[PDB]
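Asks: Protein chains in written order, with PDB author numbering: chain A, 3 to 400, 407 to 473; chain A', 3 to 400, 407 to 473; chain A'', 3 to 400, 407 to 473. A prime marks a further copy of an entry chain. Using N, Cα and C, we set each Cβ at its ideal position, and we do this for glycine too. My structure is below; once you've seen it, I'll send some questions.
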Amino acid sequence: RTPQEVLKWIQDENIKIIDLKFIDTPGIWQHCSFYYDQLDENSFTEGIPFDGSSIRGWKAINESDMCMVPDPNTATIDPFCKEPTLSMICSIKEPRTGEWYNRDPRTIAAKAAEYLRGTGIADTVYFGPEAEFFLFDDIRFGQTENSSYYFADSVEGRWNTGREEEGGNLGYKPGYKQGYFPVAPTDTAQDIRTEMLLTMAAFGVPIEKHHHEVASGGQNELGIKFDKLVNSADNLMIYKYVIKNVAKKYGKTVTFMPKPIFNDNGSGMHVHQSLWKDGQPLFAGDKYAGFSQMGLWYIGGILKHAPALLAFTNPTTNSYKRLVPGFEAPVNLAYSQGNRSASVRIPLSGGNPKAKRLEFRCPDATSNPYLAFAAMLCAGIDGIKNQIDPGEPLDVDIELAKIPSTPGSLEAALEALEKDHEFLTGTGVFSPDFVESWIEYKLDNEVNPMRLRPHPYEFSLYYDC
Amino acid sequence: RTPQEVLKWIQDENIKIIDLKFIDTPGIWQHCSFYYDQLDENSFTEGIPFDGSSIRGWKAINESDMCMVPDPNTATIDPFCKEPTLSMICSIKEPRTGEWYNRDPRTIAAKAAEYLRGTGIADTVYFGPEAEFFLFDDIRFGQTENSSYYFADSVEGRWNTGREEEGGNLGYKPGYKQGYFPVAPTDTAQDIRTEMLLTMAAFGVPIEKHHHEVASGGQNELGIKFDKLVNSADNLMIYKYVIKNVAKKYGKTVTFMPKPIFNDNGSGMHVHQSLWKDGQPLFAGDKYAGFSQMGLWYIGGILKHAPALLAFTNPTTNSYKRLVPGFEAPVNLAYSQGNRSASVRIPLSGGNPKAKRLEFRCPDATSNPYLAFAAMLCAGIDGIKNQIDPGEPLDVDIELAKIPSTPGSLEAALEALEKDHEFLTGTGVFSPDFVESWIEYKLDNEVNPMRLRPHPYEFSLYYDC
Amino acid sequence: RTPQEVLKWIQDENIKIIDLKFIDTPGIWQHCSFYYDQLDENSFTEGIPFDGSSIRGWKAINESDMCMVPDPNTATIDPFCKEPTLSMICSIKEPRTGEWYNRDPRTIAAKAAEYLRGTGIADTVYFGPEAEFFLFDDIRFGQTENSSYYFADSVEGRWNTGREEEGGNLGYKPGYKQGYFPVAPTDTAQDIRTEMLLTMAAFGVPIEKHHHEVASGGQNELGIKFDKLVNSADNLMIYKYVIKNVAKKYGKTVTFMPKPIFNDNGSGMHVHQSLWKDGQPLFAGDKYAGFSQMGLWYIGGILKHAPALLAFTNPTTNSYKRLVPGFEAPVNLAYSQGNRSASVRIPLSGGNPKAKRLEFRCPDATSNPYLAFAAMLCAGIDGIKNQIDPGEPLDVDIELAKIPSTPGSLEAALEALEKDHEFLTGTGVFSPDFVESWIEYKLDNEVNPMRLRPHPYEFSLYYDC
Ligand SMILES: Nc1ncnc2c1ncn2[C@@H]1O[C@H](COP(=O)(O)OP(=O)(O)NP(=O)(O)O)[C@@H](O)[C@H]1O
Ligand SMILES: Nc1ncnc2c1ncn2[C@@H]1O[C@H](COP(=O)(O)OP(=O)(O)NP(=O)(O)O)[C@@H](O)[C@H]1O
Ligand SMILES: Nc1ncnc2c1ncn2[C@@H]1O[C@H](COP(=O)(O)OP(=O)(O)NP(=O)(O)O)[C@@H](O)[C@H]1O
Ligand SMILES: [Mn+2]
Ligand SMILES: [Mn+2]
Ligand SMILES: [Mn+2]
Ligand SMILES: [Mn+2]
Ligand SMILES: [Mn+2]
Ligand SMILES: [Mn+2]
Ligand SMILES: [Mn+2]
Ligand SMILES: [Mn+2]
Ligand SMILES: [Mn+2]
């Protein structure tokens, strides 16, 4: 689609409102709605003004003015608007320079794909994210000077087997770790997952499947096809938007947080990736697990830069409650085929070169997909260019100190980024300015506020002392 | 039906979602939904991937990847999906070998029918299961360190004759043991049972009848026609699925547990069986109760291997609360005609050779029908091949030590399986690997957790001591 | 007092019950009561048996049997027993060897004082602990799979200024950080603090003063005089016992946890210390702040070994919520006079050599005083023996990276103990066995369980992502 085709669309269908969407630095979709007459040919080049100082991690009040540039290829009707509204995904333009903004995650993402094409290694990188979530019926949290609390609830919750329910308690509550994937009446989310899957398809997302996940009390997963870097990060943002909004439609609440439930499965975002040139898969070969030496080298980079990569792929203190040794892994920095306990997994493809890829299991859905994907690409490329030996595969379950480990906290991942960021910066994709502001925002707004707050389990262990 | 006919069905009717169903080792139906484009000709041979390590009693995390192979003959529309969804029953393929998985109960089931055809004794085995259930209006259970509780409820419950009900208490609550089979207003489940019966018919199940059962407080039964081994175990899984899901539709809850109610009828799954060759009934003859010597020998095997058979036909600790001497039997290992107190019953057929069969009364609906049916077939065949004399019929009600008895607990049935499993393994149907993992899963997840937990009746007997 | 004088006491006053008290490894007082006839002359040498395998961090089930040896000098009447009960503090004897148990904190403490006397540096070490606490009216905490919560309450709590109270809300609730030290009706704890002070005096504790502390909602402090190492750690255990028990008497609850309240003062245990020989103060001199070179060197050791010392003086994850840069310090490893923002403070003595001492401000009341005091003594001695220059004093409020900092977590303090423990072990005071079991107990029972549990503030930051 083109700027003129989108403008013809608005005229023919008499669309009165345009909803322009764009991501912020941490990873939250922002929006502004406009009356149809506000969008012209120039909106697709010069962009539409807004305050860049109210968006987290961007401009300072003194240099506030920024521009929203919508992508015509993203235009669809937002089903969640009573009034027929056309929705587009934007990239951010600096009005002072007229160039794309260096802190815009969607700009960084495009720059990463431009860099890949520049090296001659490949022309396309396919990303296939797998974002698990929880479908909750209630959420109550807070923390005052004399209190700290959270209470998550779901009808599927095993903690609710003995409770009085309105007309009445119908049983079939999945047991802890026992939600993957018994039929209804255990699975209460079939109709909703199909709706979430079908509505995002109409948004332009390539859809595949859906299933109930391991955890009791609403853990679910929707399966979407891979796509090119920017397109894939655009697809994850839509994915997250429709799921949250269909949940709200049916009076429910969704969270993509890694560990909302203690002693049950966390929500991870396993990300499948492969490099391609002239339509041919470059990760197909005759080496380990039917991979090519390039594919082994891409894993090399991923595994070597994994601690730094975690500052972008697992950017929350909560990420580290899931990335704990034992439950359920991937804490250990190694590759393997079929092994779902290893950081990098080589799925078993049915002898098809087109299906040959690596699954980086460490990431979770709290990440900015534009930043996470660009970072993983950079580590991958550096791995082929340096030409990082991933070591030997580990084809076992659960001496364990011989294998390098992932950071155990957010500050540790931020430390690993300060030490190892040349594979990102030296490229031009991420600016040293952005990498520094990322560490600073995460330390001041997440690491430090958390260190200050008493944890309720500290009463369980320490009230008597 | 064929893979192409199913694919033509999806194209012509514009079916967007495909629901693939498969059983786990203990006996719970699992599922995964796919967008239409994910199912092609190759899905019917190579299968569709999934995690075999999250399914109870299967693969270990290190060797996780498995394949779902749908059966085209099982395709129907799942009525419980708002969105028109096509549903198929799968068998599990090992992607490493390309062969059918040895722990897949549906594979074991097919292997059992392949074995029967291999012996030349018969070409077909007809199984007619009779699974009673309870239709409850409420269920609350739990067990903490300082508590253990369950509270089952139904409007039909005799325990509710003196309670205040919303506008108001309409009486006609069946008395204990007095539910078989007074008319409405006593029987409150006529409309629902007809719906359960008619919807499963549309799923491809051969339907016969329905009635209210002996127990007060929702005991019911739906009658379905016999079918070939795999088809019959497929029919029982559908049977259980529609009943549970129509109950959920009308805000009610179903249990197939053997003994949910104390001092009232348990839920048993009487299983009628007969061998056939070239369309002719092989259990018709001029011996006892109009049976053939082969039929007498098949009973021989069943009765001889019955204690081991119970590790598969009655695989729960709760099974043994129903299989108690007195209420209501069949605890005594003997055959008889018309006698509903004997383990094996020869029903009175109207002088029709086609209706000549044995009714093994011991089983209950907690069993995996694929495992239970394959096991009973194996014991039957071994009985004809060895050529086990069933002894003499016992045509009496209620010296009693002269007759061999069934195990009194789950561990006892598991003990009997360790001692007597050659009739299963030596065949090739069940692998010694599967038989060992079955005992281990049942001991670690059911027998041992139960031995640890205080029973509320232990307070009734022992609080003062 | 002697074993015979204690036995004469029991006979003359007709005391029927004897309460023998002893500390466990983490720092909790344990007890066992005996009928008078059970205590004879041999109880004061051979000791009284008990199970050393049920006490945290001690014997294994196979080598369980241990002995309690009471100290006659600790005998007093426990006021909290309706029946006149004589109470004594014990040390633990190994019955296998007949020697004092190497994991007994009270034995380690005596060994530390024996070591000081062995070096010829001094004959006496005086410890003056200052343990702040909170006096709460209510405490509710818990953490399930779907929840985590704590709710602390007090009538003094500023969070309660707008609440309906029984007949009625009388105001005068101290403001946050504004509790030190307005008069009544603001201070509601005058009578109780006097009772806590007077009852511990009758227990044999040298008492000095009492005041309301900085924090709103019940923060209090009782002032006690210094004493010799073991005597001082005995005095802190009594201090903690009477405060908790007088609170219980008046239907209230006390906590010595470092940070129960967010955004208000933590509970610290500032510990004043000085070495003496032949009745003369050795920390009096003509150097900085009227100190001696020995005193400067003792600070040297303290400051150098402070990160390792924190594994014993601040042994909880909660300790690190108080030891946070800013609120209120001492995070910075430096000495100064009058400065209450420095780790080590030299209080202003009124030109009296007898009052010349250092105040290590880092410790909190979650510590085992026997372990904390022995550790600080060892670091002090090593400082004089090596002859560690403490650096130059920092006489400022709040470049800041030039000054060495304390660990930011419990694992970090445990890391610092593994690297620096020779000043403890090489001495003989702490065994390498004890130092290893300490790290292991803290990692397995506190550090690792905490890393697993979602924090409620993680919902505040991450629910939307
Ligand atoms: N060559 C490829 N390059 C990148 N992504 C791919 C490639 N092939 C498949 N994918 C995608 O990776 C994702 C994987 O889904 P799936 O096919 O179920 O693999 P999976 O490993 O079995 N999923 P899971 O079981 O949760 O780990 C999908 O988005 C696929 O489209
Ligand atoms: N020759 C046969 N082989 C196997 N099953 C059969 C055969 N004939 C009938 N059945 C089935 O066995 C089941 C028996 O139902 P039914 O006809 O009511 O017998 P029943 O003994 O009276 N039932 P019940 O009273 O509950 O024990 C049905 O599924 C029949 O289809
Ligand atoms: N020479 C000494 N050696 C060891 N301890 C001492 C010595 N002199 C006084 N102390 C003790 O140290 C503790 C200090 O209490 P205090 O006299 O109020 O000093 P402080 O610094 O003003 N207290 P604070 O304001 O809370 O820091 C008391 O236990 C004193 O007895
Ligand atoms: Mn998943
Ligand atoms: Mn998947
Ligand atoms: Mn995955
Ligand atoms: Mn029946
Ligand atoms: Mn019947
Ligand atoms: Mn029957
Ligand atoms: Mn104080
Ligand atoms: Mn003081
Ligand atoms: Mn002080």
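1) For the 8 Å Cβ check, are there 3 or more pairs between the segment 137-154 of chain A'' and the segment 268-288 of chain A''?
2) Out of A''/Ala310, A''/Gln180, A''/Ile25, state which residue places its alpha-carbon closest to the alpha-carbon of A''/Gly382.
3) Once you ignore the five residues that flank A''/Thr368 on each side, which residues in its own chain have a CB closer than 8 Å to its CB?
4) At what residues does the alpha helix (DSSP H) containing A''/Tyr243 begin and finish?
5) Given A''/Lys356, which residues of its chain have a CB within under 6 Å of its CB, disregarding the five upstream and five downstream residues?
6) Of all the options A'/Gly436, A'/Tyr337, A'/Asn453, which has the alpha carbon lying nearest to the alpha carbon of A'/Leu118?
7) May I ask you to verify whether the segment 161-171 of chain A'' touches the segment 11-19 of chain A', counting CB pairs closer than 8 Å and requiring at least 3?
8) To test your reading of the DSSP string, which unbroken beta strand (DSSP E) runs of 3 or more residues are found completely within the segment 246-330 of chain A?
9) Anything in the segment 136-150 of chain A'' with a Cβ closer than 8 Å to a Cβ of chain A? List those residues in chain order, please.
10) Given this structure, state the Cα-to-Cα distance separating A'/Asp125 from A'/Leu277, to the nearest angstrom.
11) Relative to the alpha-carbon of A''/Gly59, which residue among A''/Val185, A''/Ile25, A''/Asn222, A''/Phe138 has its alpha-carbon at the smallest distance?
12) Within its chain, find whatever has a CB closer than 6 Å to the CB of A''/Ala235; leave out the 5 residues flanking it on each side and keep chain order.
13) With hydrogens ignored, establish whether the beta-carbon of A/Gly225 is closer than 7 Å to any heavy atom of ligand 5.
14) According to DSSP, what are the bridge partners of A/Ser369?
15) In chain A'', what lies closer than 7 Å to A/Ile30 by C-beta?
16) CB-CB under 7 Å to A''/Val248, same chain, minus the five flanking residues each way: which ones, in chain order?
17) Should A/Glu426 be labelled buried (16 or more other beta-carbon atoms within 10 Å of its own) or exposed?
18) Look up A/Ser55 in the DSSP assignment and say whether it is helix, strand or coil.
19) Just to check, is the beta-carbon of A'/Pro349 closer than 7 Å to a non-hydrogen atom of ligand 2?
20) Just to confirm, does A''/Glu134 get its C-beta within under 7 Å of one of the non-hydrogen atoms of ligand 12?
21) Between A''/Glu419 and ligand 1, is there a pair consisting of the residue's CB and a ligand heavy atom that are separated by less than 7 Å?
22) Between A''/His213 and ligand 12, is there a pair consisting of the residue's CB and a ligand heavy atom that are separated by less than 7 Å?
23) Comparing alpha-carbon positions, which option in A''/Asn171, A''/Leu379, A''/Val216, A''/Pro187 lies nearest residue 401 of chain A''?
24) Taking the alpha helix (DSSP H) that A''/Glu215 belongs to, which residues open and close that run?
25) Using a Cβ-based criterion (distance less than 7 Å to any ligand heavy atom), does A'/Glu330 qualify as near ligand 9?
26) What does the Cβ neighbour count give for A''/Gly434, buried or exposed, with the cut at 16 atoms within 10 Å?
27) Candidates A/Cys34, A/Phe314, A/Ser338, A/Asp266: which alpha carbon is nearest A/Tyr290's?
28) With distances taken Cα to Cα, identify the nearest neighbour of A'/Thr99 among A'/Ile79, A'/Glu65, A'/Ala115, A'/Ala77.
29) Based on Cα-Cα distance, which residue from A/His429, A/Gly225, A/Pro262, A/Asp266 lies nearest to A/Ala308?
30) Is the CB of A/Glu210 under 8 Å away from at least one CB in chain A'?
31) What does A''/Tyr38 reach in chain A if we use C-beta pairs closer than 7 Å?
32) Mark A/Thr76 as exposed unless 16 or more other C-beta atoms lie within 10 angstroms of its C-beta, in which case mark it buried.
33) Just grab the DSSP bridge partners of A''/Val443 for me.
34) Is it the case that the CB of A/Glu361 approaches a heavy atom of ligand 6 more closely than 7 Å?
35) Whose C-beta lies closer than 6 Å to the C-beta of A''/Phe136 among residues of the same chain, with five residues either side of it excluded?
36) Would you mind working out which of A''/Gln6, A''/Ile386, A''/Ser343 sits nearest A''/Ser294, comparing C-alpha positions?
Replies: Answer, in terms of the structure:
1) Not touching, per the Cβ criterion.
2) A''/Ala310
3) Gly29, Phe258, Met259, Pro260, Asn316, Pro317, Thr318, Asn320, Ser321
4) 231-251
5) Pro283
6) A'/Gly436
7) no
8) 255-257, 271-279
9) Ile141, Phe143, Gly144, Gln145, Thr146, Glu147, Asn148, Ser149, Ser150
10) 8 Å
11) A''/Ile25
12) Excluding positions up to five away in sequence, the list reads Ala111, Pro371, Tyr372, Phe375.
13) yes
14) Its beta-bridge partners do not exist; DSSP assigns none.
15) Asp472
16) Closer than 7 Å at the Cβ level, and outside the excluded window around A''/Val248, lie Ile194, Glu197, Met198, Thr201.
17) exposed
18) coil
19) yes
20) no
21) no
22) no
23) No atoms of residue 401 of chain A'' appear, because in chain A'' residue 400 is followed directly by 407.
24) Here A''/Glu215 belongs to no alpha helix (DSSP H), and DSSP marks it neither H nor E.
25) Relative to ligand 9, A'/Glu330 has its C-beta separated by 7 Å or more from all heavy atoms.
26) So A''/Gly434 ends up on the exposed side.
27) With distances taken between CA atoms, A/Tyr290 lies nearest to A/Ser338 out of A/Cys34, A/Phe314, A/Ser338, A/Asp266.
28) A'/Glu65
29) A/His429
30) The beta-carbon of A/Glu210 is placed less than 8 Å from the nearest beta-carbon of chain A'.
31) Those within 7 Å of A''/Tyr38 in chain A number zero; the least Cβ separation is about 30 Å.
32) buried
33) Paired residue(s): none; A''/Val443 is not in a bridge.
34) yes
35) Around A''/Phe136, the same chain offers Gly220, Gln221, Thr257, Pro262 as residues with beta carbons nearer than 6 Å, after the five sequence neighbours per side are excluded.
36) A''/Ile386
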